[PDB]
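Here is the file entry-v2.csv (CSV, C-alpha atoms).
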chain,number,residue,atom,x,y,z
Q,1,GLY,CA,-16.4,5.5,22.2
Q,2,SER,CA,-16.6,1.7,22.8
Q,3,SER,CA,-19.5,0.3,20.7
Q,4,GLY,CA,-17.9,1.0,17.3
Q,5,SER,CA,-17.0,-1.3,14.4
Q,6,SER,CA,-13.3,-0.6,13.9
Q,7,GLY,CA,-10.7,-2.4,11.8
Q,8,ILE,CA,-11.3,-4.0,8.5
Q,9,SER,CA,-8.8,-4.0,5.6
Q,10,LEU,CA,-9.0,-1.2,3.1
Q,11,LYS,CA,-10.0,-2.3,-0.4
Q,12,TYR,CA,-8.8,-0.2,-3.4
Q,13,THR,CA,-8.6,-1.0,-7.1
Q,14,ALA,CA,-5.3,-0.7,-9.1
Q,15,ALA,CA,-6.9,1.9,-11.3
Q,16,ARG,CA,-7.7,4.0,-8.3
Q,17,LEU,CA,-4.1,4.2,-7.0
Q,18,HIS,CA,-3.0,4.7,-10.6
Q,19,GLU,CA,-5.4,7.6,-11.2
Q,20,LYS,CA,-4.3,9.4,-8.0
Q,21,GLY,CA,-0.7,9.0,-8.9
Q,22,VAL,CA,0.4,6.5,-6.2
Q,23,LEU,CA,0.6,3.4,-8.4
Q,24,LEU,CA,2.9,3.9,-11.3
Q,25,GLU,CA,2.6,0.7,-13.3
Q,26,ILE,CA,2.6,-3.1,-13.2
Q,27,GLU,CA,5.1,-5.4,-15.0
Q,28,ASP,CA,2.4,-7.9,-16.0
Q,29,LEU,CA,-0.8,-6.1,-16.8
Q,30,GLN,CA,-1.8,-3.0,-18.7
Q,31,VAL,CA,-3.5,0.3,-17.6
Q,32,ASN,CA,-6.9,-0.9,-18.7
Q,33,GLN,CA,-6.2,-4.1,-16.9
Q,34,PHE,CA,-6.0,-2.3,-13.6
Q,35,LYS,CA,-9.8,-2.5,-13.5
Q,36,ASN,CA,-9.4,-6.2,-12.8
Q,37,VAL,CA,-6.9,-5.7,-10.0
Q,38,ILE,CA,-7.7,-4.9,-6.3
Q,39,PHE,CA,-5.3,-4.4,-3.4
Q,40,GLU,CA,-6.3,-5.3,0.2
Q,41,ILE,CA,-4.4,-3.3,2.8
Q,42,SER,CA,-5.0,-4.7,6.3
Q,43,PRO,CA,-4.2,-2.3,9.2
Q,44,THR,CA,-2.3,-3.1,12.4
Q,45,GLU,CA,-2.7,-2.5,16.1
Q,46,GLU,CA,0.7,-0.8,16.3
Q,47,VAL,CA,1.9,2.3,14.5
Q,48,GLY,CA,4.4,1.8,11.8
Q,49,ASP,CA,3.7,-1.7,10.4
Q,50,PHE,CA,1.1,-2.3,7.6
Q,51,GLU,CA,-0.3,-5.3,5.7
Q,52,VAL,CA,-0.1,-5.1,1.9
Q,53,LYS,CA,-2.0,-7.9,0.1
Q,54,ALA,CA,-3.0,-8.1,-3.5
Q,55,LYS,CA,-6.3,-10.0,-4.1
Q,56,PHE,CA,-5.8,-12.4,-7.0
Q,57,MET,CA,-5.6,-16.0,-5.9
Q,58,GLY,CA,-6.2,-15.9,-2.1
Q,59,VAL,CA,-3.1,-16.5,-0.1
Q,60,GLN,CA,-4.2,-17.3,3.5
Q,61,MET,CA,-0.7,-18.5,4.5
Q,62,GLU,CA,1.1,-15.2,4.7
Q,63,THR,CA,0.9,-11.5,3.9
Q,64,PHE,CA,3.5,-8.9,2.6
Q,65,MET,CA,4.4,-6.5,5.4
Q,66,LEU,CA,5.5,-2.9,5.0
Q,67,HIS,CA,7.3,-0.8,7.6
Q,68,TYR,CA,7.4,3.0,7.8
Q,69,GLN,CA,11.1,3.3,8.2
Q,70,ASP,CA,11.7,1.4,5.0
Q,71,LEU,CA,9.6,3.9,3.0
Q,72,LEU,CA,11.7,6.7,4.5
Q,73,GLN,CA,14.9,4.9,3.7
Q,74,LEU,CA,14.1,5.1,0.0
Q,75,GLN,CA,13.4,8.8,0.2
Q,76,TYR,CA,16.8,9.5,1.7
Q,77,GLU,CA,18.6,7.3,-0.9
Q,78,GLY,CA,16.6,8.5,-3.9
Q,79,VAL,CA,14.6,5.4,-4.8
Q,80,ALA,CA,11.3,7.0,-5.8
Q,81,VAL,CA,9.9,3.9,-7.3
Q,82,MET,CA,9.1,0.8,-5.2
Q,83,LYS,CA,9.2,-2.7,-6.7
Q,84,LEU,CA,6.4,-4.7,-5.2
Q,85,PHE,CA,6.5,-8.5,-5.8
Q,86,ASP,CA,9.1,-7.8,-8.5
Q,87,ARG,CA,6.2,-6.6,-10.7
Q,88,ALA,CA,3.9,-3.9,-9.4
Q,89,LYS,CA,5.4,-0.4,-9.0
Q,90,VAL,CA,4.3,2.3,-6.5
Q,91,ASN,CA,5.5,5.8,-5.9
Q,92,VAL,CA,7.2,6.1,-2.5
Q,93,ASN,CA,6.6,9.9,-2.5
Q,94,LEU,CA,2.9,9.4,-2.8
Q,95,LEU,CA,2.6,6.0,-1.2
Q,96,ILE,CA,3.5,7.5,2.2
Q,97,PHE,CA,1.4,10.6,1.6
Q,98,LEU,CA,-1.8,8.5,1.2
Q,99,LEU,CA,-1.1,6.3,4.2
Q,100,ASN,CA,-0.3,9.5,6.1
Q,101,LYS,CA,-4.0,10.4,5.9
Q,102,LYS,CA,-5.5,6.9,5.4
Q,103,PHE,CA,-4.1,4.7,8.2
Q,104,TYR,CA,-2.2,7.5,10.0
Q,105,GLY,CA,-4.9,8.7,12.3
Q,106,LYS,CA,-5.1,7.4,15.9
Q,107,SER,CA,-7.7,8.4,18.5
Q,108,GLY,CA,-5.8,8.2,21.8
Q,109,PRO,CA,-3.8,10.6,24.0
Q,110,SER,CA,-0.5,12.1,22.7
Q,111,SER,CA,1.2,13.9,25.6
Q,112,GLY,CA,3.9,14.9,23.3
Can I see the file as structure tokens?
Amino acid sequence: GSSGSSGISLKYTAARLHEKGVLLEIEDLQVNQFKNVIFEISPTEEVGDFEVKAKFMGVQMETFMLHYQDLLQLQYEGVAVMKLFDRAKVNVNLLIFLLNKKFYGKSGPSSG
């Protein structure tokens, strides 16, 4: 319960997210190029906020954040496609689905 290596940022390739359906396309590279693209999603201590980083150059100055409410706001409006970094595109309908099982999974008391 205590002695357990927890944390670490999830590492997935662009092709992986594309194959599943999450990642739509990228306004810069091609489908076959996805193989040379990896996304590093760092988790958070709280529930709702997430760290979305794209391994390419190595920006250790800041990281793109992604709230949970924002993802839902798009579902209510209609925006199915999400413009990331004004280039990469991900499906909001599937993006939330994956995280719902990936990160979404605490191990504490609920009481409600």
Considering all atoms listed in the file, can you say which of Q:18, Q:96, Q:108, Q:7 comes closest to residue 74 (chain Q)?
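Of the candidates, the smallest distance to residue 74 (chain Q) is held by Q:96.
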What's the separation between CA of residue 17 (chain Q) and CA of residue 46 (chain Q), in Å to one decimal place?
24.3 Å
When distances are computed from all atoms listed in the file, which of Q:40, Q:26, Q:61, Q:48 shows the smallest separation from residue 85 (chain Q)?
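Of Q:40, Q:26, Q:61, Q:48, the one nearest residue 85 (chain Q) is Q:26, counting all atoms listed in the file.
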For each of Q:89, Q:49, Q:21, Q:16, take the minimum atom-to-atom distance to residue 35 (chain Q), counting all atoms listed in the file, then give the residue where this is smallest.
Q:16
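In this comparison, which uses only C-alpha atoms, the residue of Q:11, Q:53, Q:20, Q:102 approaching residue 88 (chain Q) most closely is Q:53.
Here CA of residue 58 (chain Q) is placed at a distance of 22.6 Å from CA of residue 31 (chain Q).
Candidate residues Q:14, Q:95, Q:81, Q:72 were compared for distance to residue 56 (chain Q), and the nearest is Q:14, using all atoms listed in the file.
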Could you list, as a PyMOL selection string, every residue within 12 Å of residue 47 (chain Q), counting only C-alpha atoms and ignoring same-chain residues fewer than 5 positions away?
chain Q and resi 66-69+99-100+103-106
When you count all atoms listed in the file, which of these residues is closest to residue 71 (chain Q): Q:15, Q:10, Q:92, Q:41?
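The closest residue to residue 71 (chain Q) is Q:92.
The coordinates place CA of residue 24 (chain Q) at 14.1 Å from CA of residue 39 (chain Q).
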For region 28-69 of chain Q against region 3-6 of chain Q, with a cut-off of 12 Å and counting only C-alpha atoms, what is the closest atom pair and its distance in Å to one decimal for every residue that makes the cut, ordered by chain and number, as a Markdown table?
| residue | atom | partner | partner_atom | distance |
| --- | --- | --- | --- | --- |
| Q:42 | CA | Q:6 | CA | 12.0 |
| Q:43 | CA | Q:6 | CA | 10.4 |
| Q:44 | CA | Q:6 | CA | 11.4 |
| Q:45 | CA | Q:6 | CA | 11.0 |
Would you mind writing region 35-70 of chain Q with N, CA and C atoms, as a PDB file, in the coordinates of the input?
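The file below, result36.pdb, is the result:
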ATOM      1  N   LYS Q  35      -8.374  -2.348 -13.887  1.00  0.00           N
ATOM      2  CA  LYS Q  35      -9.800  -2.500 -13.500  1.00  0.00           C
ATOM      3  C   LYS Q  35     -10.003  -3.875 -12.859  1.00  0.00           C
ATOM      4  N   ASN Q  36      -9.251  -4.867 -13.326  1.00  0.00           N
ATOM      5  CA  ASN Q  36      -9.400  -6.200 -12.800  1.00  0.00           C
ATOM      6  C   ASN Q  36      -8.310  -6.533 -11.782  1.00  0.00           C
ATOM      7  N   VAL Q  37      -7.954  -5.523 -10.995  1.00  0.00           N
ATOM      8  CA  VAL Q  37      -6.900  -5.700 -10.000  1.00  0.00           C
ATOM      9  C   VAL Q  37      -7.296  -4.872  -8.716  1.00  0.00           C
ATOM     10  N   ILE Q  38      -7.372  -5.551  -7.575  1.00  0.00           N
ATOM     11  CA  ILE Q  38      -7.700  -4.900  -6.300  1.00  0.00           C
ATOM     12  C   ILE Q  38      -6.673  -5.213  -5.240  1.00  0.00           C
ATOM     13  N   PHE Q  39      -6.314  -4.202  -4.454  1.00  0.00           N
ATOM     14  CA  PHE Q  39      -5.300  -4.400  -3.400  1.00  0.00           C
ATOM     15  C   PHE Q  39      -6.008  -4.296  -2.018  1.00  0.00           C
ATOM     16  N   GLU Q  40      -5.707  -5.267  -1.161  1.00  0.00           N
ATOM     17  CA  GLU Q  40      -6.300  -5.300   0.200  1.00  0.00           C
ATOM     18  C   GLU Q  40      -5.236  -4.956   1.232  1.00  0.00           C
ATOM     19  N   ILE Q  41      -5.317  -3.736   1.754  1.00  0.00           N
ATOM     20  CA  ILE Q  41      -4.400  -3.300   2.800  1.00  0.00           C
ATOM     21  C   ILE Q  41      -4.967  -3.418   4.167  1.00  0.00           C
ATOM     22  N   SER Q  42      -4.492  -4.415   4.905  1.00  0.00           N
ATOM     23  CA  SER Q  42      -5.000  -4.700   6.300  1.00  0.00           C
ATOM     24  C   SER Q  42      -4.180  -3.834   7.274  1.00  0.00           C
ATOM     25  N   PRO Q  43      -4.874  -3.100   8.165  1.00  0.00           N
ATOM     26  CA  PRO Q  43      -4.200  -2.300   9.200  1.00  0.00           C
ATOM     27  C   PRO Q  43      -3.606  -3.106  10.302  1.00  0.00           C
ATOM     28  N   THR Q  44      -2.949  -2.434  11.240  1.00  0.00           N
ATOM     29  CA  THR Q  44      -2.300  -3.100  12.400  1.00  0.00           C
ATOM     30  C   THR Q  44      -2.630  -2.401  13.677  1.00  0.00           C
ATOM     31  N   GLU Q  45      -2.439  -3.105  14.787  1.00  0.00           N
ATOM     32  CA  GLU Q  45      -2.700  -2.500  16.100  1.00  0.00           C
ATOM     33  C   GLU Q  45      -1.643  -1.509  16.479  1.00  0.00           C
ATOM     34  N   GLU Q  46      -0.418  -1.732  16.016  1.00  0.00           N
ATOM     35  CA  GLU Q  46       0.700  -0.800  16.300  1.00  0.00           C
ATOM     36  C   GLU Q  46       0.812   0.236  15.209  1.00  0.00           C
ATOM     37  N   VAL Q  47       1.657   1.234  15.456  1.00  0.00           N
ATOM     38  CA  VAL Q  47       1.900   2.300  14.500  1.00  0.00           C
ATOM     39  C   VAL Q  47       3.230   2.173  13.813  1.00  0.00           C
ATOM     40  N   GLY Q  48       3.208   1.909  12.511  1.00  0.00           N
ATOM     41  CA  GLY Q  48       4.400   1.800  11.800  1.00  0.00           C
ATOM     42  C   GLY Q  48       4.389   0.611  10.778  1.00  0.00           C
ATOM     43  N   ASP Q  49       3.811  -0.507  11.206  1.00  0.00           N
ATOM     44  CA  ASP Q  49       3.700  -1.700  10.400  1.00  0.00           C
ATOM     45  C   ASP Q  49       2.349  -1.711   9.641  1.00  0.00           C
ATOM     46  N   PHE Q  50       2.345  -2.209   8.409  1.00  0.00           N
ATOM     47  CA  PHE Q  50       1.100  -2.300   7.600  1.00  0.00           C
ATOM     48  C   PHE Q  50       1.093  -3.571   6.793  1.00  0.00           C
ATOM     49  N   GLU Q  51      -0.110  -4.063   6.516  1.00  0.00           N
ATOM     50  CA  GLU Q  51      -0.300  -5.300   5.700  1.00  0.00           C
ATOM     51  C   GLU Q  51      -0.681  -4.955   4.298  1.00  0.00           C
ATOM     52  N   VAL Q  52       0.141  -5.378   3.344  1.00  0.00           N
ATOM     53  CA  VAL Q  52      -0.100  -5.100   1.900  1.00  0.00           C
ATOM     54  C   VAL Q  52      -0.380  -6.437   1.187  1.00  0.00           C
ATOM     55  N   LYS Q  53      -1.641  -6.690   0.851  1.00  0.00           N
ATOM     56  CA  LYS Q  53      -2.000  -7.900   0.100  1.00  0.00           C
ATOM     57  C   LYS Q  53      -2.713  -7.567  -1.177  1.00  0.00           C
ATOM     58  N   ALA Q  54      -2.432  -8.354  -2.212  1.00  0.00           N
ATOM     59  CA  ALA Q  54      -3.000  -8.100  -3.500  1.00  0.00           C
ATOM     60  C   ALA Q  54      -4.002  -9.268  -3.869  1.00  0.00           C
ATOM     61  N   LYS Q  55      -5.297  -8.966  -3.822  1.00  0.00           N
ATOM     62  CA  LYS Q  55      -6.300 -10.000  -4.100  1.00  0.00           C
ATOM     63  C   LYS Q  55      -6.167 -10.475  -5.558  1.00  0.00           C
ATOM     64  N   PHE Q  56      -5.952 -11.780  -5.685  1.00  0.00           N
ATOM     65  CA  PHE Q  56      -5.800 -12.400  -7.000  1.00  0.00           C
ATOM     66  C   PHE Q  56      -6.116 -13.891  -6.931  1.00  0.00           C
ATOM     67  N   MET Q  57      -5.429 -14.610  -6.050  1.00  0.00           N
ATOM     68  CA  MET Q  57      -5.600 -16.000  -5.900  1.00  0.00           C
ATOM     69  C   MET Q  57      -6.211 -16.359  -4.510  1.00  0.00           C
ATOM     70  N   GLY Q  58      -5.728 -15.641  -3.503  1.00  0.00           N
ATOM     71  CA  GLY Q  58      -6.200 -15.900  -2.100  1.00  0.00           C
ATOM     72  C   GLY Q  58      -5.177 -16.598  -1.297  1.00  0.00           C
ATOM     73  N   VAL Q  59      -4.122 -15.897  -0.896  1.00  0.00           N
ATOM     74  CA  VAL Q  59      -3.100 -16.500  -0.100  1.00  0.00           C
ATOM     75  C   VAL Q  59      -3.358 -16.300   1.409  1.00  0.00           C
ATOM     76  N   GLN Q  60      -3.892 -17.337   2.046  1.00  0.00           N
ATOM     77  CA  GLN Q  60      -4.200 -17.300   3.500  1.00  0.00           C
ATOM     78  C   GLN Q  60      -3.114 -17.941   4.298  1.00  0.00           C
ATOM     79  N   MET Q  61      -1.884 -17.890   3.796  1.00  0.00           N
ATOM     80  CA  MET Q  61      -0.700 -18.500   4.500  1.00  0.00           C
ATOM     81  C   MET Q  61       0.180 -17.402   5.038  1.00  0.00           C
ATOM     82  N   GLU Q  62       0.252 -16.280   4.328  1.00  0.00           N
ATOM     83  CA  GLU Q  62       1.100 -15.200   4.700  1.00  0.00           C
ATOM     84  C   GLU Q  62       0.683 -13.877   4.045  1.00  0.00           C
ATOM     85  N   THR Q  63       1.248 -12.761   4.493  1.00  0.00           N
ATOM     86  CA  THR Q  63       0.900 -11.500   3.900  1.00  0.00           C
ATOM     87  C   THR Q  63       2.166 -10.565   3.880  1.00  0.00           C
ATOM     88  N   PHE Q  64       2.317  -9.816   2.792  1.00  0.00           N
ATOM     89  CA  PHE Q  64       3.500  -8.900   2.600  1.00  0.00           C
ATOM     90  C   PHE Q  64       3.360  -7.746   3.610  1.00  0.00           C
ATOM     91  N   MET Q  65       4.403  -7.569   4.416  1.00  0.00           N
ATOM     92  CA  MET Q  65       4.400  -6.500   5.400  1.00  0.00           C
ATOM     93  C   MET Q  65       5.163  -5.270   4.830  1.00  0.00           C
ATOM     94  N   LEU Q  66       4.875  -4.102   5.396  1.00  0.00           N
ATOM     95  CA  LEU Q  66       5.500  -2.900   5.000  1.00  0.00           C
ATOM     96  C   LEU Q  66       5.696  -1.902   6.118  1.00  0.00           C
ATOM     97  N   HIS Q  67       6.950  -1.713   6.519  1.00  0.00           N
ATOM     98  CA  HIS Q  67       7.300  -0.800   7.600  1.00  0.00           C
ATOM     99  C   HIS Q  67       7.252   0.638   7.169  1.00  0.00           C
ATOM    100  N   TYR Q  68       7.357   1.554   8.127  1.00  0.00           N
ATOM    101  CA  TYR Q  68       7.400   3.000   7.800  1.00  0.00           C
ATOM    102  C   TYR Q  68       8.769   3.495   7.604  1.00  0.00           C
ATOM    103  N   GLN Q  69       9.727   2.901   8.310  1.00  0.00           N
ATOM    104  CA  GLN Q  69      11.100   3.300   8.200  1.00  0.00           C
ATOM    105  C   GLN Q  69      11.668   2.971   6.804  1.00  0.00           C
ATOM    106  N   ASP Q  70      11.258   1.825   6.269  1.00  0.00           N
ATOM    107  CA  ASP Q  70      11.700   1.400   5.000  1.00  0.00           C
ATOM    108  C   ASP Q  70      11.300   2.404   3.882  1.00  0.00           C
TER     109      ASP Q  70
END
